[PDB]
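K.L.:
Dumping the structure here so I can ask a few things about it.
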Amino acid sequence: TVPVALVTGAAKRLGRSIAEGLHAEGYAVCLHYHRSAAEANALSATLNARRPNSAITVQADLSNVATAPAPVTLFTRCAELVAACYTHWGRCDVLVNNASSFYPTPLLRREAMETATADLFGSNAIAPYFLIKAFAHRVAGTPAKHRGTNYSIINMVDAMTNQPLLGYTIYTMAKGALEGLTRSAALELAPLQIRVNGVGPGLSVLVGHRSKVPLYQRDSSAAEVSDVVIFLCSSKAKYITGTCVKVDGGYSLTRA
Amino acid sequence: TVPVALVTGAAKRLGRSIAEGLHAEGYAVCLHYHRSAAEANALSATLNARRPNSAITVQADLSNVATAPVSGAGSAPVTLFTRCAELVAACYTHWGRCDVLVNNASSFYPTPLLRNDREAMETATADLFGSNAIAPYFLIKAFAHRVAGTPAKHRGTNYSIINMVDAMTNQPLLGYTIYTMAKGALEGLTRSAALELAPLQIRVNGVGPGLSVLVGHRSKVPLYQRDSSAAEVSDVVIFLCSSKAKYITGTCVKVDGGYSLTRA
Amino acid sequence: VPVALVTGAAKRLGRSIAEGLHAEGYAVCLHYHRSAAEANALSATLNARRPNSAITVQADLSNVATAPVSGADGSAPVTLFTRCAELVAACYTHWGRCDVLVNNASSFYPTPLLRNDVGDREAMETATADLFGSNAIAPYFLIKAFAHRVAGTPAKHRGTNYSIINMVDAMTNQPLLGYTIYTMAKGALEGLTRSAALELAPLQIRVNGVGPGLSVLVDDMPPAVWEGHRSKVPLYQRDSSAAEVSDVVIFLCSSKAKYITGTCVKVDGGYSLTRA
Amino acid sequence: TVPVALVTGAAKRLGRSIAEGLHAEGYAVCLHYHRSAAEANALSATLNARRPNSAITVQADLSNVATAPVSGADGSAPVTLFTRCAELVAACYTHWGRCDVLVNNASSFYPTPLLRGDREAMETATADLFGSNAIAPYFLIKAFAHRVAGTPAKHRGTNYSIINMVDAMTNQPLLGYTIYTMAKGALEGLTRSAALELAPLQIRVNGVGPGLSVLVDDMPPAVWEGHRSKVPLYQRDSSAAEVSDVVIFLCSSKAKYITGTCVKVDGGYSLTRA
Ligand SMILES: NC(=O)c1ccc[n+]([C@@H]2O[C@H](COP(=O)([O-])OP(=O)(O)OC[C@H]3O[C@@H](n4cnc5c(N)ncnc54)[C@H](OP(=O)(O)O)[C@@H]3O)[C@@H](O)[C@H]2O)c1
Ligand SMILES: NC(=O)c1ccc[n+]([C@@H]2O[C@H](COP(=O)([O-])OP(=O)(O)OC[C@H]3O[C@@H](n4cnc5c(N)ncnc54)[C@H](OP(=O)(O)O)[C@@H]3O)[C@@H](O)[C@H]2O)c1
Ligand SMILES: NC(=O)c1ccc[n+]([C@@H]2O[C@H](COP(=O)([O-])OP(=O)(O)OC[C@H]3O[C@@H](n4cnc5c(N)ncnc54)[C@H](OP(=O)(O)O)[C@@H]3O)[C@@H](O)[C@H]2O)c1
Ligand SMILES: NC(=O)c1ccc[n+]([C@@H]2O[C@H](COP(=O)([O-])OP(=O)(O)OC[C@H]3O[C@@H](n4cnc5c(N)ncnc54)[C@H](OP(=O)(O)O)[C@@H]3O)[C@@H](O)[C@H]2O)c1
Ligand SMILES: Nc1ccc2nc(N)nc(N)c2c1
Ligand SMILES: Nc1ccc2nc(N)nc(N)c2c1
Ligand SMILES: Nc1ccc2nc(N)nc(N)c2c1
Ligand SMILES: Nc1ccc2nc(N)nc(N)c2c1
Ligand SMILES: Nc1ccc2nc(N)nc(N)c2c1
């Protein structure tokens, strides 16, 4: 049997690491991307080279916008992401909401503020919700007899959002939304044995505040975060749900 | 002169109580509403009867959608940001100031992840996230620009924003995911706005009811075994707005009779 | 006519709380350990403004047995629980009631996990007892005694606004380096706030916390380093005044707050929102 | 080559599972106990049978009281909690020359209501509940840290880890268990404080908080079923392993960027309301 994982924003950095980690545990991986076509396909080739038919790639804008062929809504695109797993492998056991846009929306000093709202809220919060819904329908729609035994959803949150980065309000709001989703989804999907957890990095794979991380005085490596994600997805973590785990080297414990 | 408060969803229940509470402390009140025209105007008449020119009513859909221009009809021109800016502007146009903002307006209804039609998900998403999170952000932006745009010598001395949050969102109501998500966003806004607006001395706080003015659920509340009254919530909002609370910012105050301390 | 007991009431925030409560019409039992002069001076002020509106009681709130006397000798020794029961009693003996309790008294000093990487079993066995006593254990026994006197009053002769306030700390999730026992104690105090709110709800006794960030900071340091510490608070770039904290305590004690219980209110100018 | 773990309250249930779990990853285990001598020595024999010299069992009251020093009617006398704690950690260094992991698992748990010669049960409840759950962990952590600091950087281990067994439900307190709840609150504080202070020594300090685990069935079957079914996930309390596997993961080098955090292992129980 092969378990299947869908990882959004899978092409580089943390998403890559999560994809690789899950693959190393024997998962077939659906690598989602938006712009990073080259890196996603390059990664898929690597995984497929180690293990045939263990990686595909699909493309999607997770921004809260309808596109063009009815233009196509964000819900439709999200449903089609999950479907891509079922079409290709007949299952989807793990979902990782990792894709996330991150840039300033200052309150102090209007078209590019239309699209900021749709992008930052789409990637970080709205799309995750629709992805979860699609994920949950597919599971519910499978007869109990042929359901998987380790359904897990991980939401990439942020360990530092209680201590907001100055000027990043929409982003912080979006992560707040995502934490809400983690709790709400965990509660509603418990009957289907679908676990919903969060993982929140502090500082990871940077390119300043490096020296202010108490443990090691450095940002983390990609693996230092993905290993937590992978652990939470393992059956060892089968009683954990609705919780967020900080992977931040004690950064959230600091003050100015 | 007279301090001015903008209160969204002001027509009934908690928003009305907040409006009344603020008015009782001497504030002029801009009462926002969406469809409760009758109850908003009725309230404005009451306040204006008690004190001339101390209340106006303004109408706005705070959903994350477009509305029509002049003599037209909807999904066209007027954005949520524009409508929000015009709400804050209405205070400055009428009274020349806006000292307090209360983000109270909020849609609340089920969005189940488990079925157990096509626009349903679109308009729920825009409404629940608009009222509860997006509009509050734009309202705060508009609020902040106006304060920033006033020359220092001419600014008020007690700028306060209150966000109606939810004391129970860490223990989510089954099937209310988008709503819970939206309140989560609102909490983030509270913290983020408090930090960014601190230099302008604008305070940003949350108030979170548990159960208030219910139309045994009550019997579950540890203290008194009842939902709260409107005043039991608005008095907290009003206190946080007072100058005695001038060192409080970026915090959420539960007003829940100890409901959040319970478990199944 | 309503009565308040305020521990550590002689100076600073405790003084402000006492004054604030007194200004709302409360009779105030001012508790002190070390500050006799400053407590009696305050009591005289309050009594001058309003006759019989202030008394002073002395007690070490450290988790130690302290024997029959402050001079003579022995019989059986006096536990912390006894001392705490006698504090609450002092209110009932003098005024026949105790409507509000404010656990404000608190010791605060370093207990480093590491040395450099003198000390004894004394400074150690007494730091634990003092920091945990003042901040957590005594509050628990105070609350017990408070709750027993309320429960023991026939429903007809009970007050209508019973309130307990626990002075917590807004910054304990971002611990001050080297202050572990103190932080642990505040952690314990937070727990007490939740647990007591739940258990005392049926008697309509509300239990809430107030947590300062930086308040009435002491300048036993260079002016620039004082300016240094002040300016990291986002709101106003200063520590708070005593009133800025006490007004919150007083509001939570008012009937206007009678649906709030089991919550902690930071009063910190957004300091808890910062990071290194 | 062999990493060493100290586990307090190791004799059964969760502590045993943690001990077994750590032993399965190759740790030598110092099993602590207070009252459960038989169970602790039985477990030690098991571990030692699977791998020689991979388990010892030390005895200690972690209550906040001073004990008497093996006696001899002479020699000052009062052994403080701090001393007993230092001697626990020392026992690892004496026997194996190291101590890489500490698990503060030992915990007394019983009612201290605020309503309704036993001054005796107020003093001793306070010392026991606060000792086991908070004070002793503090001294244990101190001893642990002093001993790492005292090692020349050259010989230090590379995966120092402290786990504190907390409680996922303490924000929603169990009626009548105030001291216990306060004690867990203290423990949470310790986790944060110790993480911050011990970061320079690369000692990680984390919490693991169960909701319901291996629920004692001393009630009507249906009362047990009732409580049981309050957990959203699976409608049951956890198994010991379902908790210890989390402890063991946090101790692994794959978790070496995690510090100062508490991980709920509660099947979503903390998400419920009355
Ligand atoms: N890096 C950190 O220190 C840090 C700190 C806290 C939290 N996190 C969280 O951890 C996760 C991963 O971190 P990261 O730094 O690796 O992320 P990242 O480098 O900033 O980007 C993640 C991916 O998100 C995708 N994405 C962004 N907007 C999208 C949109 N509108 N539609 C579809 N895809 C979109 C991008 O895909 P394409 O390139 O294919 O377009 C991008 O590769 C994120 O959720 C982040 O919020 C990271
Ligand atoms: N009631 C409770 O027990 C409870 C519990 C937790 C939190 N809260 C929070 O406390 C606040 C007030 O509670 P409540 O029960 O008084 O609220 P409510 O009765 O449900 O309604 C508040 C107002 O929000 C306005 N509104 C809703 N959607 C809108 C939209 N899309 N655009 C513009 N206005 C919109 C409505 O105005 P119109 O009628 O004029 O259209 C409504 O009167 C809310 O933020 C709520 O989330 C309440
Ligand atoms: N000041 C701040 O910025 C700050 C920050 C966070 C939290 N807080 C909290 O707010 C409360 C008041 O703050 P503060 O700065 O005004 O307090 P403070 O000046 O440090 O002292 C409070 C009082 O506690 C009493 N006290 C200390 N140990 C005692 C003991 N073992 N037994 C009996 N009484 C004892 C002392 O009374 P005597 O002088 O009579 O001996 C002292 O005057 C405290 O709970 C504190 O933890 C304050
Ligand atoms: N079980 C749960 O559902 C649950 C829920 C939440 C949190 N937890 C936490 O998880 C941990 C383990 O749970 P558990 O149920 O396995 O614990 P447990 O059965 O209640 O006992 C743990 C051990 O602690 C030791 N202990 C108690 N008081 C002591 C003292 N004063 N001095 C020295 N040792 C003492 C006992 O050792 P001896 O028998 O050798 O005397 C006991 O075996 C505890 O920290 C607990 O607080 C458990
Ligand atoms: N430091 C940093 C770099 C990139 C990031 N990307 C996303 N999506 N979110 C972050 N918080 C982030 C942080
Ligand atoms: N019980 C109840 C009734 C009405 C409500 N309205 C809003 N907007 N939000 C609520 N949480 C709510 C709750
Ligand atoms: N029981 C007893 C007998 C004699 C004592 N003498 C002093 N000085 N102090 C005591 N506590 C004492 C007690
Ligand atoms: N800065 C400061 C000064 C005095 C204090 N006293 C107590 N008791 N607690 C504090 N946190 C404190 C802080
Ligand atoms: N249910 C249960 C059983 C035993 C326990 N032991 C300790 N020490 N702590 C608990 N919370 C506990 C809970």
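Letters A, B, ... go to the chains of the structure tokens in the order shown; residues in each chain start at 1; ligands are counted from 1 in the same order.
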Taking only C-alpha atoms and all ligand atoms into account, report as a list in words which residues have an atom no farther than 9 Å from an atom of ligand 9.

P.N.:
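Using only C-alpha atoms and all ligand atoms, I find these residues within 9 Å of ligand 9: residues 105, 106, 107, 108, 109, 110, 132, 133, 165, 166, 167, 169, 170, 180, 181, 210, 211, 212, 213, 214, 215 and 216 of chain D.
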
K.L.:
Find the residues around residue D:52 up to 12 Å (only C-alpha atoms counted), leave out those fewer than 3 positions away in its own chain, and share them as a PyMOL selection string.

P.N.:
chain D and resi 23+26-29+44-49+55-56

K.L.:
Using only C-alpha atoms and all ligand atoms, which residues have at least one atom no more than 7 Å from ligand 6? Output them as number ranges by chain.

P.N.:
B: 105-108, 166, 211-212, 214

K.L.:
Which residues are close to stretch 164-175 of chain C, i.e. within 6 Å by only C-alpha atoms, leaving aside same-chain residues fewer than 6 positions away? Reply as a PyMOL selection string.

P.N.:
(chain A and resi 253-254) or (chain C and resi 100-104+183+186+206-213+266+272) or (chain D and resi 193)

K.L.:
Could you check how far atom CA of residue B:52 sits from atom 41 (O, counted along the ligand's line) of ligand 2, in Å to one decimal?

P.N.:
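For atom CA of residue B:52 relative to atom 41 (O, counted along the ligand's line) of ligand 2, the distance reads 25.4 Å.
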
K.L.:
Report the residues of stretch 17-258 of chain C whose backbone DSSP state falls under alpha helix (DSSP H), written as a PyMOL selection string.

P.N.:
chain C and resi 17-23+36-49+80-95+122-132+138-151+180-200+223-230+242-253
